[PDB]
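# Residue-level structure breakdown
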Amino acid sequence: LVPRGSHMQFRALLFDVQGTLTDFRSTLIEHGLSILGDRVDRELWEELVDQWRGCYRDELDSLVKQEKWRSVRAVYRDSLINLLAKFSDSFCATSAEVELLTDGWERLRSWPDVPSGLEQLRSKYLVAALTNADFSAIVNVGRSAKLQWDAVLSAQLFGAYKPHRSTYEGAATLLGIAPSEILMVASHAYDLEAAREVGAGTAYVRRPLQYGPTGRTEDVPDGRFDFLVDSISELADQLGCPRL
Amino acid sequence: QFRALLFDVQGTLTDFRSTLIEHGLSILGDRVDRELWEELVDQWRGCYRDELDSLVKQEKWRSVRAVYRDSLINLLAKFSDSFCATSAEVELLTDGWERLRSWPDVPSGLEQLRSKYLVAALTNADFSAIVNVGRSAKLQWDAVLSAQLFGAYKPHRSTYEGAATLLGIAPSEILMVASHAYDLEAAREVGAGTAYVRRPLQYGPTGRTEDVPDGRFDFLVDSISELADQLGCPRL
């Protein structure tokens, strides 16, 4: 008789990237402060950056509602333009600086666990980014965040953002494997819940610093998702991927 | 100057023939002699090549795995007097196109290019095939692009244009890298730079070498590392 074993029958790990793998907030804060210099203080810039992702999320929630896709870089830029208008009394940015500020969403550094965790996961699973960011943006953050993918997948490829099912199912179709063999890895519950809806596995990566050192992150209960980890290496360990 | 290097993969980066030959023989063992299987593999690529040539002409897209499977199924019937294959082995034999081994230069050459360029696969192989070929050929990509992404094979313009749009890089800033002149000529026609990688063994010894003189394309190289060298990428 063959013992049941402990292997998990996932073929691909689909990764949300922003926040889940990348310290976007620290990048955007540092990027903006570097670009804007003495025109913005950290707290004022931090509040804009926090409002920036909220505007991006609000706009992406709105676009998902109407089944619309647009360039997420344009989403980041348009939301920044709106926020610069509300903070216009405090500081200003040129178009060139707005372009440079938007680029920060494409210069995200990864959390220290991610590059080794992604490589550690390679030994058993395909790792593919499934990001709402434009395909170029994720290709770009892959350089700044040292993300080595088997596949870069974007909402752009599917003409639809996560949580829309076509993103996960399309990613499954592209990867040539059933969604039930996809482990979705996100730091955001919406992403995993939708991936669970299409049958994919759910791995929540706790990112306590995602929204800052004092930022508020959802304390996902144990058992909500198939995996609850604070490190991609930790997820890799729980997936039978030995550390190298 | 280029911002991304767009690579054709089958042949250009991968010794698909030796891959498919050894892969088939590993599956079929002594049912089929090496020479007979080698003939099947050569006709197999031919069926794929001819099918894609036609589908390109008709602006039609099909799963390239289906193209490999269907052509293999027809080839298995044609060769069914010499050997047979179960339905499972047809799948396993067709899997060999997703197990392509790279040429010895490609892993180091791709990595050396990474330091100064985005490197992205643009293959006619289905997205799953190139992703799996990345594992077998040890191809680390910034981006994997399949004809499946665009519903159109190379050399169709929307593949290079689609790759440009996806990479966020103007075609003039994309160096197309291919072992086939058709790929680069069309990429040249979208404004992309052209690097021809000579792969004299890609069709085997009997394979005809499509002659490419110096000056036909921007780069004429015998390896990816040589292309990286000609592109200013420091060695490793």
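Residues numbered from 1 in each chain as written, not as in the entry; some residues may be left out. Chains lettered and ligands numbered in written order. Heavy atoms only, no water.

Method of determination, as annotated in the archive: X-ray crystallography, at 2.20 Å resolution.

## Digging into the sheet that holds strand β6 (residues 182-186) of chain A
Residues and elements named next belong to chain A. Operational definition: Paired strands, as defined in this entry, are two strands with at least two bridges between them according to DSSP. Strands here are runs of E lasting at least two residues and helices are runs of H or I lasting at least four, both read from the DSSP assignment and numbered beginning at the N terminus. Here an angle of 0 to 180 degrees is reported between the N-to-C directions of two axes, which are lines fitted to C-alpha atoms, with helices fitted over the stretch in contact. It only takes one pair of heavy atoms within 4.5 Å for two residues to be counted as in contact.
The strand order across the open sheet built from 6 strands is β5-β4-β1-β6-β7-β8, with neighbouring strands paired in parallel fashion. Since the sheet does not close on itself, it has two edges, and those belong to β5 (151-154) and β8 (227-229), each with one partner. Ignoring which end each strand starts from, the neighbouring axes of this sheet average 20 degrees apart. Of the strands in this sheet, β1 (12-15), β4 (126-131), β5 and β6 touch helix α8 (residues 165-175), which is tilted by about 130 degrees from β6.

## Some remarks on helix α1 (residues 16-28) of chain B
Residues and elements named next belong to chain B. Counted only if it meets this: Multiplying one less than the number of residues by 1.5 Å gives the expected span of a helix. Under the scheme applied here, a residue whose accessible area is under 20% of the maximum for its type counts as buried, over 50% as exposed, and between as partly exposed, the area being computed with a 1.4 Å probe on protein chains only.
Look at α1: 17 Å from first C-alpha to last across 13 residues, which is about the 18 Å you get at 1.5 Å a residue. Summarising burial for α1: 10 of the 13 residues are buried, a large majority. All of the buried residues along α1 are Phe-16, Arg-17, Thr-19, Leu-20, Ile-21, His-23, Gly-24, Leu-25, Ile-27 and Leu-28. At its buried positions, α1 is contacted by α2 (34-57) and α4 (87-95). With its phi angle positive at about 60 degrees, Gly-29 sits one or two positions after the end of α1.

## What about the interface of chain B and chain A?
Heads up, the condition is: Put simply, buried area is how much 1.4 Å-probe accessible surface two parts lose in total, over both of them, once they are put together. Salt bridges are identified by distance alone: a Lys or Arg side-chain nitrogen within 4 Å of an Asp or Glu carboxyl oxygen. Think of a polar contact as two N or O atoms within 3.5 Å of one another; within protein, one of them needs to be a possible hydrogen donor and the other a possible acceptor, and neighboring residues in sequence only count if both atoms come from side chains. Throughout this entry, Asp, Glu, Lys and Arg are counted as charged residues, while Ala, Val, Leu, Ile, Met, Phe, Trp, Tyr, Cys and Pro are counted as nonpolar. The remaining residues, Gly among them, count as polar.
Each side of the interface is counted separately: chain B has 21 residues, and chain A has 21 residues. For the pair chain B and chain A, the two sides together bury roughly 1,800 Å², of which 52% comes from carbon and sulfur. If you sort the residues of chain B by the area they bury against chain A, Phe-127, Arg-135 and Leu-166 of chain B come out on top, with a joint share of 32%. Between chain B and chain A we count 2 salt bridges in total. Measuring nitrogen to oxygen at the nearest pair gives 2.5 Å for the salt bridge that ties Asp-150 of chain A to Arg-135 of chain B. Where chain B meets chain A, there are 8 residue pairs in polar contact. Listed by contribution, the elements that provide at least two residues to the side of chain B that touches chain A are β2 (118-123), α6 (127-137), β3 (143-146), α7 (147-150) and α8 (157-167) of chain B. It is α6 of chain B that provides the largest number of residues to the side of chain B that touches chain A, a total of 5 residues. For the side of chain B that touches chain A, the class distribution of residues is 12 nonpolar, 6 polar and 3 charged.

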